[PDB]
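Presented below is the structure to which this report refers.
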There are 2 protein chains.
Amino acid sequence: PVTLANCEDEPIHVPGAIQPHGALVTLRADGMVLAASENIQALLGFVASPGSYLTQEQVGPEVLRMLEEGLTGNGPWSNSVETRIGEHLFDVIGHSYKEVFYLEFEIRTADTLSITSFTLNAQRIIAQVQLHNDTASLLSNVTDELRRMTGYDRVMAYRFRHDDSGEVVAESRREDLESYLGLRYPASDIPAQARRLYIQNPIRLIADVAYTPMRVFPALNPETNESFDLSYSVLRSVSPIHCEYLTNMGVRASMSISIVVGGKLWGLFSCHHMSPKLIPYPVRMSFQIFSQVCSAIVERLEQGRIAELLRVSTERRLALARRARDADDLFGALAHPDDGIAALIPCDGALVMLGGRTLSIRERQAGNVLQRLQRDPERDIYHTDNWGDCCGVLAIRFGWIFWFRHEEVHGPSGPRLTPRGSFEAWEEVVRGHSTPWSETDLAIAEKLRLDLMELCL
Amino acid sequence: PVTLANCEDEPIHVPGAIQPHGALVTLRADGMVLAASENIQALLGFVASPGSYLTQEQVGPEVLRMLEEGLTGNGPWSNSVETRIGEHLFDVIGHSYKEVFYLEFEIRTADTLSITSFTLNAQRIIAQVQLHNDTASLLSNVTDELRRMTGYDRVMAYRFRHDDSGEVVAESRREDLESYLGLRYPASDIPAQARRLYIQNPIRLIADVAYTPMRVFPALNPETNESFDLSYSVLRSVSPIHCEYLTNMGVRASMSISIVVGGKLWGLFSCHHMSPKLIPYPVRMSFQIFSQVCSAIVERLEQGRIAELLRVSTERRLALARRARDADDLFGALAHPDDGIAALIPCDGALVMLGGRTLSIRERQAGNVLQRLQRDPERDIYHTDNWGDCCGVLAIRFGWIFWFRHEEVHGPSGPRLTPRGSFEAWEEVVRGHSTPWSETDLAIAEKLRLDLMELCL
Ligand SMILES: C=CC1=C(C)/C(=C\c2[nH]c(/C=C3N=C(/C=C4\NC(=O)C(C)=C4C=C)C(C)=C\3CCC(=O)O)c(CCC(=O)O)c2C)NC1=O
Ligand SMILES: C=CC1=C(C)/C(=C\c2[nH]c(/C=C3N=C(/C=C4\NC(=O)C(C)=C4C=C)C(C)=C\3CCC(=O)O)c(CCC(=O)O)c2C)NC1=O
């Protein structure tokens, strides 16, 4: 069973069920049917039964021809074919994962997207990514152009803070709906297994939210005695908790393109529709390549950005060092608000201490803290939240230095699952918390301390 | 006719003939046939006659249906369909340019490429474009990878320098073949239209270089009294001159991917094969969009590069300026050999004259150069090449300043159309030319002069 307590540990990769807008058949390396969704018969007029092998006369030669090239293939398999089965024309998408072949039958409802038309989609959307040299212009723009394309009546962009928390930094919607810019959720709104997934799968599609799931039997793969891993499965089934959530938002359909930097989910575009919605495989696949592109483009942008700040910052220290080391008045050099140490780490208030002379730039909380490290008289460095009147406190020893950050920063069934609700349970974790001390800010205070360890007079 | 005097100005966009591995039907806005290749009967049943409209029984319904989307659609039309005609299976690729609709029927010879397969060709190659930061490594890799994908007996990357000239900076070949790395051809090897075209069309295909071509009648479009513009045409026929050339190179098939920055062809991938060779439209199409991606990547990658050198460059100047503006005897401040002038623009030797004092870094020539700006006694700047003992010469007045660059840089029917015969024709353009003075160098020597125009004592 799934509650607000079993939220973060839910194995959403191995649900043993799929959404109903298609059907699943799984097979072992030799083509034998190991399991299938319970709707096959309804959808397709086969009754795939374990031990069976599919035959032209239920699945068409186009499928088997396909699957064969999968069975006699060497690497990770992925492919698909647009066959017509008895009742309907189909998008049948296969792929092998672990040691299992999945055949997912998703219902095609269109004409054929020319191998060309497909391209101008991809190219039309990539085009947006390459106009801009600013990371936020980028998101703002593509966020628009995606809507013009899909028709999804809400499409947003999310950025993910280092704490894996989440913020809505771009949006385009149908006016009727409430706006979302600036909204913040917790890391806890997207579990490590969903996040892990979104990293693996560029694109996730929820066809209908209140869908009533369709199960695969056996729920467990006899060959392996483990359940079936449906990551990389298209009709894989969505966690109920997240289904409740979307409904509490008044949403019926979904889709998300991923953005990935490092090996991490840097953020994602999320598509919402007030009614059910289904983007075809082929289109999704224009977006899959979009995502690859987008992520790259965003990665090099961001490495350049921080590379820069990182430079502007270190050039500062080094400047400050020659200035102090080459003057005799260090108190006057070290505390000039422009040659100010405050210039070095991003803070609200700072402090130079050496001898019996102090200066509170931007003094009392300092009587206490030099009293805290009294039980630690061999520390040359100090750092903390959530703590007088300022919570951020970083302290380096040479004679001391201090940097501060105060933190003025900024129906249904379950307790938390809503927009303004996840932000209500976001806040209570962040009032103890000043803007956390960047991996860069410990390196700055550190280099600086050492740097002044140098001055002999 | 086409000779070496006449190759500069050739209209390769309007030949009035295509290549034989396909067929072409041009049609006006109401779909009436205005022209057709001469092999239309040879390749297909019909005799497409100006005036005629296509009928299902000539061309299939898939094409007629396609063309219909085109005739009623509004903007640039681009599209294809895979239809069986009488004799063969085809890739009918169509598009509209100016006010004409082209229907190219290129011979399909494979099984259908799935949308998925189409997608990882794309992503496989894109993936190669986003591992590296160095502009050079990037090229070096995709060069390799394209060979692993097409099989082209040769794969290469060209780079073009601001003087519209060309260098080969990446290779992957069948070893039996001479290696081209480090070769250099003039701008004259790719005429303005070639180049301008290579910018519009990302991709070009040549299947048999000794192909005896296929005309289209009427050579001239009644509606417009001007020839048909095959700019965007796939089967567009290639200049004879470039053919005579490739065969002198012993090459029967060719394929080019564009890399574009600014509105400018920054470089390209030329693929060569020593027997005839055709890469299917759908596959072409994946490279077409790779051309988009690679082009953007390199644009940012390169703009960071130049931006840096552009920053270190100006940083130096401004460094030197505060060091003299704030210092006392300038002949020596301008002249710690490291705070030196030569350390501000790329040269081989430089010179600082003022008063009656000279110092030849890296004096006599000084009395002669001031004697050649005697007939221009009010020149504060001077710049030249091809010229004493140096041909690159740039001069600034405040007392003067000079920077130097010497020049030790580095069958058929017509003479020059050969690899080493183009490189031989190249040397003449460069034997009396030093590395030209960049837009940047004229800005440095300028800002500097201005900077030293501030000094009073
Ligand atoms: C304003 C909107 C808003 C949302 C949507 C939010 C949480 C949130 N949960 C998400 C996915 C998800 N969230 C969950 C599970 C959970 N979901 C939970 O809220 C909790 C507490 C759990 C687990 C403890 C799952 C399983 C997914 C992805 C499911 C899938 O697509 O497979 C997503 C990503 C997909 C999307 O954008 O639609 C968000 C933004 N916080 C917000 O402020
Ligand atoms: C070692 C190899 C080498 C080459 C390939 C070269 C010139 C050269 N000519 C090119 C295209 C071309 N060159 C021409 C025409 C000319 N070509 C000429 O050399 C001249 C003198 C003219 C006309 C005055 C045309 C028309 C094309 C492109 C044709 C097309 O693809 O439509 C290309 C691009 C396509 C390719 O690389 O195959 C090159 C590199 N110089 C060299 O040293």
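Please note that chains go A, B, ... in the order of the structure tokens, that every chain numbers its residues from 1, and that ligands are numbered from 1 in the order shown.
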Any idea which chain B residues end up within 7 Å of chain A if we count only C-alpha atoms, as JSON, numbers by chain please?
{"B": [79, 80, 81, 114, 115, 116, 117, 119, 123, 130, 282, 289, 296]}
Create the file for the chosen residues now, containing N, CA and C atoms and written as an mmCIF file, in the first residue's frame.
data_model
loop_
_atom_site.group_PDB
_atom_site.id
_atom_site.type_symbol
_atom_site.label_atom_id
_atom_site.label_comp_id
_atom_site.auth_asym_id
_atom_site.auth_seq_id
_atom_site.Cartn_x
_atom_site.Cartn_y
_atom_site.Cartn_z
ATOM 1 N N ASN B 79 8.584 17.771 -47.659
ATOM 2 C CA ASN B 79 7.926 16.526 -47.316
ATOM 3 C C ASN B 79 8.308 15.385 -48.230
ATOM 4 N N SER B 80 8.106 14.157 -47.756
ATOM 5 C CA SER B 80 8.276 12.980 -48.598
ATOM 6 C C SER B 80 7.308 11.847 -48.245
ATOM 7 N N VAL B 81 7.263 10.853 -49.130
ATOM 8 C CA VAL B 81 6.447 9.664 -48.950
ATOM 9 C C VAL B 81 7.180 8.530 -49.614
ATOM 10 N N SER B 114 13.095 2.581 -39.562
ATOM 11 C CA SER B 114 12.109 2.876 -38.533
ATOM 12 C C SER B 114 12.375 4.254 -37.982
ATOM 13 N N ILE B 115 11.376 4.812 -37.315
ATOM 14 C CA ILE B 115 11.510 6.150 -36.757
ATOM 15 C C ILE B 115 12.533 6.112 -35.647
ATOM 16 N N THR B 116 12.515 5.012 -34.912
ATOM 17 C CA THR B 116 13.431 4.798 -33.816
ATOM 18 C C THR B 116 14.847 4.717 -34.353
ATOM 19 N N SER B 117 15.051 3.868 -35.354
ATOM 20 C CA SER B 117 16.371 3.709 -35.937
ATOM 21 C C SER B 117 16.835 5.071 -36.425
ATOM 22 N N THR B 119 16.071 7.772 -35.188
ATOM 23 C CA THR B 119 16.394 8.539 -34.003
ATOM 24 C C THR B 119 17.765 8.247 -33.375
ATOM 25 N N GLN B 123 21.003 10.502 -32.684
ATOM 26 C CA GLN B 123 21.562 10.661 -31.345
ATOM 27 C C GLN B 123 22.968 10.090 -31.192
ATOM 28 N N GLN B 130 29.152 16.235 -28.465
ATOM 29 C CA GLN B 130 29.014 16.878 -27.158
ATOM 30 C C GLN B 130 29.841 16.248 -26.046
ATOM 31 N N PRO B 282 16.426 9.163 -45.850
ATOM 32 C CA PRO B 282 16.130 9.208 -44.414
ATOM 33 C C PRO B 282 17.401 9.382 -43.614
ATOM 34 N N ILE B 289 19.993 17.175 -39.757
ATOM 35 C CA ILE B 289 19.763 17.776 -38.451
ATOM 36 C C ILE B 289 20.990 17.717 -37.534
ATOM 37 N N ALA B 296 25.533 24.782 -34.256
ATOM 38 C CA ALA B 296 25.301 25.582 -33.057
ATOM 39 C C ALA B 296 26.405 25.372 -32.017
#
Could you list, as an MDAnalysis selection string, all residues that come within 8 Å of ligand 1? Count only C-alpha atoms and all ligand atoms.
chainID A and resid 4:10 12 156 158 166:168 180 183:186 188:191 193:195 197 204:206 236:243 245:246 249 254:256 268:272 416:423
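Computed from the coordinates, the CA of residue 219 (chain B) to CA of residue 16 (chain B) distance equals 5.2 Å.
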Nearest residue to ligand 2 from the set B:250, B:340, B:388, B:377 (distances using only C-alpha atoms and all ligand atoms):
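Of all the options, B:250 lies closest to ligand 2.
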Might you pull out every residue within 7 Å of residue 31 (chain B), with only C-alpha atoms counted and same-chain residues fewer than 2 positions away left off, and present them as a list in words?
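Returned residues: residues 27, 28, 29, 33, 53 and 71 of chain B.
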Which residues come within 9 Å of residue 280 (chain A), counting only C-alpha atoms, excluding same-chain residues fewer than 3 positions away, as a PyMOL selection string?
chain A and resi 91+106-110+283-285
Now that the selection is made, can you save its residues with N, CA and C atoms as an mmCIF file, in the first residue's frame?
data_model
loop_
_atom_site.group_PDB
_atom_site.id
_atom_site.type_symbol
_atom_site.label_atom_id
_atom_site.label_comp_id
_atom_site.auth_asym_id
_atom_site.auth_seq_id
_atom_site.Cartn_x
_atom_site.Cartn_y
_atom_site.Cartn_z
ATOM 1 N N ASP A 91 1.308 1.646 -33.117
ATOM 2 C CA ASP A 91 2.722 1.887 -32.886
ATOM 3 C C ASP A 91 3.209 0.839 -31.889
ATOM 4 N N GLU A 106 1.096 0.583 -28.621
ATOM 5 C CA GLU A 106 0.426 1.848 -28.361
ATOM 6 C C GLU A 106 -0.411 2.176 -29.601
ATOM 7 N N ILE A 107 -1.626 2.683 -29.399
ATOM 8 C CA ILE A 107 -2.579 2.878 -30.504
ATOM 9 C C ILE A 107 -2.294 4.099 -31.372
ATOM 10 N N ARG A 108 -1.970 3.888 -32.646
ATOM 11 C CA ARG A 108 -1.734 5.024 -33.537
ATOM 12 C C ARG A 108 -3.049 5.645 -34.012
ATOM 13 N N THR A 109 -3.110 6.976 -34.001
ATOM 14 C CA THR A 109 -4.314 7.706 -34.404
ATOM 15 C C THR A 109 -3.936 8.951 -35.200
ATOM 16 N N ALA A 110 -3.466 8.754 -36.428
ATOM 17 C CA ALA A 110 -3.080 9.869 -37.279
ATOM 18 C C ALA A 110 -2.783 9.342 -38.668
ATOM 19 N N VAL A 283 6.422 11.678 -32.445
ATOM 20 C CA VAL A 283 6.587 13.020 -31.912
ATOM 21 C C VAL A 283 7.422 13.007 -30.638
ATOM 22 N N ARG A 284 7.048 12.147 -29.693
ATOM 23 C CA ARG A 284 7.835 11.996 -28.480
ATOM 24 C C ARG A 284 9.298 11.867 -28.887
ATOM 25 N N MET A 285 9.546 11.092 -29.933
ATOM 26 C CA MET A 285 10.912 10.854 -30.366
ATOM 27 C C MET A 285 11.611 12.082 -30.976
#
Name the residues of region 88-213 of chain A that fall into alpha helix (DSSP H) according to DSSP on the backbone, using the chain letters and numbers of this document, as a PyMOL selection string.
chain A and resi 115-129+135-150+192-200
Restricting the output to C-alpha atoms, write the selected residues as a PDB file, in the first residue's frame.
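Output (again15.pdb):
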ATOM      1  CA  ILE A 115      10.541  10.844 -42.029  1.00  0.00           C
ATOM      2  CA  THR A 116      10.749  14.430 -43.177  1.00  0.00           C
ATOM      3  CA  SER A 117       7.932  16.017 -41.190  1.00  0.00           C
ATOM      4  CA  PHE A 118       9.518  14.336 -38.229  1.00  0.00           C
ATOM      5  CA  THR A 119      12.745  16.189 -38.950  1.00  0.00           C
ATOM      6  CA  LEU A 120      11.230  19.682 -39.225  1.00  0.00           C
ATOM      7  CA  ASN A 121       9.663  19.121 -35.806  1.00  0.00           C
ATOM      8  CA  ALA A 122      13.013  18.271 -34.267  1.00  0.00           C
ATOM      9  CA  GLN A 123      14.644  21.064 -36.184  1.00  0.00           C
ATOM     10  CA  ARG A 124      11.901  23.559 -35.400  1.00  0.00           C
ATOM     11  CA  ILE A 125      12.376  23.059 -31.678  1.00  0.00           C
ATOM     12  CA  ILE A 126      16.152  22.771 -31.556  1.00  0.00           C
ATOM     13  CA  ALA A 127      16.161  26.091 -33.361  1.00  0.00           C
ATOM     14  CA  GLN A 128      14.854  27.648 -30.166  1.00  0.00           C
ATOM     15  CA  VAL A 129      17.666  26.228 -28.093  1.00  0.00           C
ATOM     16  CA  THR A 135      20.208  30.104 -19.797  1.00  0.00           C
ATOM     17  CA  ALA A 136      16.893  31.789 -18.840  1.00  0.00           C
ATOM     18  CA  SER A 137      16.123  33.270 -22.238  1.00  0.00           C
ATOM     19  CA  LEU A 138      16.590  29.719 -23.500  1.00  0.00           C
ATOM     20  CA  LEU A 139      14.057  28.130 -21.119  1.00  0.00           C
ATOM     21  CA  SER A 140      11.592  30.991 -21.520  1.00  0.00           C
ATOM     22  CA  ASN A 141      11.665  30.622 -25.306  1.00  0.00           C
ATOM     23  CA  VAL A 142      11.497  26.866 -25.796  1.00  0.00           C
ATOM     24  CA  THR A 143       8.879  26.713 -23.056  1.00  0.00           C
ATOM     25  CA  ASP A 144       6.682  28.815 -25.360  1.00  0.00           C
ATOM     26  CA  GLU A 145       7.461  27.059 -28.648  1.00  0.00           C
ATOM     27  CA  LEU A 146       6.692  23.655 -27.095  1.00  0.00           C
ATOM     28  CA  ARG A 147       3.152  24.721 -26.362  1.00  0.00           C
ATOM     29  CA  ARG A 148       2.618  26.096 -29.888  1.00  0.00           C
ATOM     30  CA  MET A 149       3.631  22.601 -30.965  1.00  0.00           C
ATOM     31  CA  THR A 150       1.932  20.168 -28.579  1.00  0.00           C
ATOM     32  CA  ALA A 192      15.275   9.575  -5.981  1.00  0.00           C
ATOM     33  CA  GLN A 193      13.715   6.732  -8.013  1.00  0.00           C
ATOM     34  CA  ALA A 194      11.617   9.077 -10.125  1.00  0.00           C
ATOM     35  CA  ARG A 195      14.579  11.409 -10.489  1.00  0.00           C
ATOM     36  CA  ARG A 196      16.850   8.457 -11.208  1.00  0.00           C
ATOM     37  CA  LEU A 197      14.288   7.490 -13.854  1.00  0.00           C
ATOM     38  CA  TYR A 198      13.872  10.903 -15.438  1.00  0.00           C
ATOM     39  CA  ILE A 199      17.638  10.854 -15.859  1.00  0.00           C
ATOM     40  CA  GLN A 200      17.414   7.512 -17.680  1.00  0.00           C
TER      41      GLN A 200
END
What is the CA of residue 274 (chain B) to CA of residue 37 (chain B) distance in Å?
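Taking CA of residue 274 (chain B) as the start and CA of residue 37 (chain B) as the end point, the length is 27.4 Å.
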Strand (DSSP E or B) per DSSP on the backbone: members of region 192-394 of chain A, as a PyMOL selection string
chain A and resi 203-206+214-217+220-221+226-227+236+253-261+264-273+349-354+357-361+381-384+392-394
Write out the residues from the selection above, keeping C-alpha atoms, as a JSON list (two decimals), in the first residue's frame.
[["chain", "number", "residue", "atom", "x", "y", "z"],
["A", 203, "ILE", "CA", 10.50, 11.60, -21.80],
["A", 204, "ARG", "CA", 7.56, 10.51, -19.63],
["A", 205, "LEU", "CA", 3.95, 10.48, -20.79],
["A", 206, "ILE", "CA", 0.82, 10.24, -18.70],
["A", 214, "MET", "CA", -3.77, -2.60, -16.21],
["A", 215, "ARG", "CA", -1.75, -5.41, -14.69],
["A", 216, "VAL", "CA", 0.88, -7.76, -16.16],
["A", 217, "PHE", "CA", 0.89, -11.46, -15.22],
["A", 220, "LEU", "CA", 7.08, -11.83, -11.37],
["A", 221, "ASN", "CA", 9.57, -13.09, -13.99],
["A", 226, "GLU", "CA", 12.45, -10.82, -9.68],
["A", 227, "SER", "CA", 9.77, -8.45, -10.89],
["A", 236, "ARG", "CA", 4.93, 1.89, -17.61],
["A", 253, "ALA", "CA", -2.58, 14.33, -18.81],
["A", 254, "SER", "CA", 1.19, 14.72, -18.59],
["A", 255, "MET", "CA", 4.50, 14.67, -20.34],
["A", 256, "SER", "CA", 7.97, 15.76, -19.37],
["A", 257, "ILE", "CA", 11.15, 16.38, -21.32],
["A", 258, "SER", "CA", 14.28, 16.00, -19.17],
["A", 259, "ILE", "CA", 17.27, 18.33, -18.84],
["A", 260, "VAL", "CA", 20.44, 16.64, -17.62],
["A", 261, "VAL", "CA", 23.81, 18.07, -16.56],
["A", 264, "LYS", "CA", 22.07, 14.85, -12.60],
["A", 265, "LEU", "CA", 18.53, 16.07, -13.32],
["A", 266, "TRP", "CA", 19.25, 19.74, -13.91],
["A", 267, "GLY", "CA", 15.60, 20.42, -14.53],
["A", 268, "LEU", "CA", 12.73, 19.46, -16.77],
["A", 269, "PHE", "CA", 9.89, 20.83, -18.88],
["A", 270, "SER", "CA", 6.54, 19.63, -17.64],
["A", 271, "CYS", "CA", 3.42, 19.51, -19.74],
["A", 272, "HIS", "CA", -0.07, 19.64, -18.27],
["A", 273, "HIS", "CA", -3.52, 19.31, -19.83],
["A", 349, "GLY", "CA", 27.58, 41.22, 6.80],
["A", 350, "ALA", "CA", 31.27, 40.57, 7.53],
["A", 351, "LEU", "CA", 34.05, 41.05, 10.11],
["A", 352, "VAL", "CA", 37.83, 41.62, 10.33],
["A", 353, "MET", "CA", 39.40, 40.80, 13.68],
["A", 354, "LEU", "CA", 43.05, 41.01, 14.67],
["A", 357, "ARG", "CA", 40.64, 46.02, 16.89],
["A", 358, "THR", "CA", 37.45, 45.04, 15.07],
["A", 359, "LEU", "CA", 35.15, 46.57, 12.46],
["A", 360, "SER", "CA", 31.54, 45.48, 11.81],
["A", 361, "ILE", "CA", 30.90, 46.05, 8.09],
["A", 381, "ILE", "CA", 37.79, 27.30, 10.27],
["A", 382, "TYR", "CA", 34.09, 27.43, 11.21],
["A", 383, "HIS", "CA", 30.81, 27.11, 9.28],
["A", 384, "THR", "CA", 27.14, 26.76, 10.19],
["A", 392, "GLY", "CA", 24.89, 32.00, 8.55],
["A", 393, "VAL", "CA", 28.33, 32.10, 10.19],
["A", 394, "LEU", "CA", 31.67, 31.22, 8.54]]
Would you mind listing what lies within 10 Å of residue 438 (chain B) as a short mmCIF file (atom, residue, chain, number, x, y, z; two decimals) with N, CA, C and O atoms, in the first residue's frame, with only C-alpha atoms counted and same-chain residues fewer than 6 positions away left out?
data_model
loop_
_atom_site.label_atom_id
_atom_site.label_comp_id
_atom_site.auth_asym_id
_atom_site.auth_seq_id
_atom_site.Cartn_x
_atom_site.Cartn_y
_atom_site.Cartn_z
N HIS B 162 39.30 33.47 -42.63
CA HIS B 162 38.61 34.71 -43.01
C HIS B 162 38.88 35.19 -44.45
O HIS B 162 38.14 36.00 -45.01
N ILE B 345 50.44 42.57 -29.67
CA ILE B 345 49.97 42.06 -30.97
C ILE B 345 50.89 40.93 -31.48
O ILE B 345 52.10 40.94 -31.21
N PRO B 346 50.30 39.93 -32.19
CA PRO B 346 51.06 38.78 -32.71
C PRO B 346 52.08 39.17 -33.79
O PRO B 346 51.69 39.41 -34.93
N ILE B 444 44.01 47.16 -31.50
CA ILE B 444 45.01 47.18 -30.45
C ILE B 444 46.02 48.28 -30.70
O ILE B 444 46.24 49.14 -29.84
#
